[PDB]
Amino acid sequence: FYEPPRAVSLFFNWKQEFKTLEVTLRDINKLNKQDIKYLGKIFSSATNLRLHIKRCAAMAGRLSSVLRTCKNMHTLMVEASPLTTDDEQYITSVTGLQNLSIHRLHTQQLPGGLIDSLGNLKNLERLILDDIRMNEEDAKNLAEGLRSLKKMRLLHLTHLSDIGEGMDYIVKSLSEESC
Amino acid sequence: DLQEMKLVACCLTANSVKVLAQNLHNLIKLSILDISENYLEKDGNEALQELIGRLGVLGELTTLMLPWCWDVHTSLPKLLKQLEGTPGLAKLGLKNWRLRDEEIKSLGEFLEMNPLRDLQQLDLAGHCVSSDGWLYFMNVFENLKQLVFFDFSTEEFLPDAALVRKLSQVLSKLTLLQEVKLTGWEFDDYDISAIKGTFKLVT
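Chains as they are written, first to last, in PDB author numbering: chain C, 616 to 618, 645 to 820; chain B, 821 to 1023.
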């Protein structure tokens, strides 16, 4: 998906049992309702959906609006796009999300968002964290969200600052039971 | 010797349906029933449930055309319960029942426990079943095999593309599609141009 009615036509002639589709979102700047509804209605072709965010500027607040129809979703990647708190609440709102990646968050992580309602993604297994602006107490309540989900298998906490003595709460949250 | 009784757009009362449900036991061969396109003011729930409780006595009734009245989806599980008592039906028309997901999944457990595929025409008018109940309604309609002529028209509803694609898969899947009526709908270019087959569409 660069920068599209032909692919809308392509999936919208026959529909069969696709297993998984991978969506490469590249640099979404223009945003009209026709592409919102068409590219929204494409995403029900497979049984699982792998959404990839790649530097999309028009999706800074239109996460839940476009994906409201998109009930089918399996994993998601965040590559260098702005994001709001309520959109993170939409990320934690869905339960079929099993694997999640996030990269290059310059802004401070607001409370009441992803790290604060973390314990709802009850099938989380692979979680990727990079370049997140937080503080110690945000890492503490983050680790409180880590105490909830007990099906994780893979964790990335790369390139993190302002996390002095939060690792006692994080590692304390991880080393509880034989996970 | 009456075998077809057809009344539409007529000022029926709860007294008419009442005495019909008081002396209907004498009539035996009346196998085809149309009382649809009408309205019951009061006790349409009560005279309806007493009426279908009389209809359990019958053993030939294959055509049922039912009107719209007030507080009806409590009479839906007793209608469908007497049709759990009734292993035979061929013509079903249901006008303006305003049903929801719970009633269409009650019908789901009905058709998934009682296989009834002698049915040929079906009306489901004016109901506000949500889109996921339309999808599960394509699971229930996916269970069916022998529906011929039908009408799933309702209020001005925007369908989802999952409903459209299950409609193309199952409507393309079934064989006896003669005429299909959906009025009050939005199918613009791709959805309207992605269905067409052996049926006859009515907007």
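Cβ atoms here follow ideal geometry from the backbone N, Cα and C, with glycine treated the same way.
Smallest Cα separation from residue i: which of the options?
{"i": "C:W655", "options": "B:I1012, B:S856, B:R985", "result": "B:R985"}
{"i": "B:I848", "options": "B:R874, B:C830, B:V839, B:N865", "result": "B:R874"}
{"i": "C:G737", "options": "C:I683, C:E766, C:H797, C:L795", "result": "C:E766"}
{"i": "B:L1002", "options": "B:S1013, B:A945, B:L996, B:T995", "result": "B:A945"}
{"i": "B:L822", "options": "B:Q941, B:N835, B:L881", "result": "B:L881"}
{"i": "C:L704", "options": "C:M808, C:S722, C:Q657", "result": "C:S722"}
{"i": "B:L987", "options": "B:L939, B:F969, B:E976, B:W954", "result": "B:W954"}
{"i": "C:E777", "options": "C:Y810, C:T733, C:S685", "result": "C:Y810"}
{"i": "C:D803", "options": "C:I773, C:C697, C:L790", "result": "C:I773"}
{"i": "B:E857", "options": "B:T883, B:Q902, B:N846, B:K915", "result": "B:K915"}
{"i": "C:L672", "options": "C:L692, C:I756, C:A699", "result": "C:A699"}
{"i": "B:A910", "options": "B:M885, B:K925, B:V837", "result": "B:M885"}
{"i": "B:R918", "options": "B:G905, B:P887, B:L942, B:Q902", "result": "B:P887"}
{"i": "B:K838", "options": "B:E866, B:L927, B:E976, B:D943", "result": "B:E866"}
{"i": "C:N713", "options": "C:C697, C:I683, C:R696", "result": "C:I683"}
{"i": "B:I852", "options": "B:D938, B:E923, B:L912", "result": "B:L912"}
{"i": "C:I769", "options": "C:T716, C:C820, C:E618", "result": "C:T716"}
{"i": "C:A687", "options": "C:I694, C:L746, C:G786, C:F652", "result": "C:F652"}
{"i": "C:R696", "options": "C:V812, C:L746, C:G805, C:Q657", "result": "C:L746"}
{"i": "B:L991", "options": "B:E976, B:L964, B:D1009, B:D943", "result": "B:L964"}
{"i": "C:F616", "options": "C:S650, C:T665, C:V649", "result": "C:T665"}
{"i": "B:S836", "options": "B:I855, B:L850, B:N846", "result": "B:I855"}
{"i": "C:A701", "options": "C:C711, C:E720, C:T710", "result": "C:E720"}
{"i": "B:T906", "options": "B:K925, B:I924, B:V877", "result": "B:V877"}
{"i": "C:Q750", "options": "C:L801, C:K792, C:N740", "result": "C:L801"}
{"i": "C:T733", "options": "C:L759, C:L790, C:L708, C:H744", "result": "C:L759"}
{"i": "C:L662", "options": "C:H693, C:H797, C:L741, C:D727", "result": "C:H693"}
Return the first residue and the last residue of the beta strand (DSSP E) that residue i is part of.
{"i": "C:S742", "result": "740-744"}
{"i": "B:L853", "result": "852-854"}
Name the DSSP bridge partner or partners of residue i?
{"i": "B:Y859", "result": "B:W888"}
{"i": "C:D728", "result": "According to DSSP, C:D728 bridges with nothing at all."}
{"i": "C:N689", "result": "C:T661"}
{"i": "C:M714", "result": "Beta-bridge pairing links C:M714 to no other residue."}
{"i": "C:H797", "result": "C:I769"}
{"i": "C:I804", "result": "Bridge partners of C:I804: none, in fact."}
{"i": "C:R774", "result": "C:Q749"}
{"i": "B:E866", "result": "According to DSSP, B:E866 bridges with nothing at all."}
{"i": "B:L1021", "result": "B:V1000"}
{"i": "C:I694", "result": "C:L666, C:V719"}
{"i": "B:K911", "result": "B:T883, B:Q941"}
Give the secondary structure of residue i by DSSP, where H, G and I count as helix, E and B as strand, and everything else as coil.
{"i": "C:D779", "result": "helix"}
{"i": "C:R647", "result": "helix"}
{"i": "B:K1001", "result": "strand"}
{"i": "B:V828", "result": "coil"}
{"i": "C:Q750", "result": "coil"}
{"i": "C:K678", "result": "helix"}
{"i": "residue 641 of chain C", "result": "Residue numbering in chain C jumps from 618 to 645; residue 641 of chain C, which lies between, is not modelled."}
{"i": "C:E720", "result": "strand"}
{"i": "C:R667", "result": "strand"}
{"i": "C:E618", "result": "coil"}
{"i": "C:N761", "result": "helix"}
{"i": "C:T736", "result": "coil"}
{"i": "B:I1015", "result": "coil"}
{"i": "B:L847", "result": "coil"}
{"i": "B:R874", "result": "helix"}
{"i": "C:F652", "result": "helix"}
{"i": "C:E785", "result": "helix"}
{"i": "C:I683", "result": "helix"}
Taking the alpha helix (DSSP H) that residue i falls in, what are its first and last residues?
{"i": "C:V707", "result": "704-707"}
{"i": "B:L896", "result": "896-902"}
{"i": "B:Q842", "result": "834-843"}
Residues of chain D with CB closer than 8 angstroms to the CB of residue i, please, in chain order.
{"i": "C:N654", "result": "In the displayed structure, chain D is absent; the protein chains listed are C and B."}
Hey, which unbroken runs of the beta strand (DSSP E) at 3 residues or more fall wholly within the region 913-994 of chain B? 941-944, 969-971
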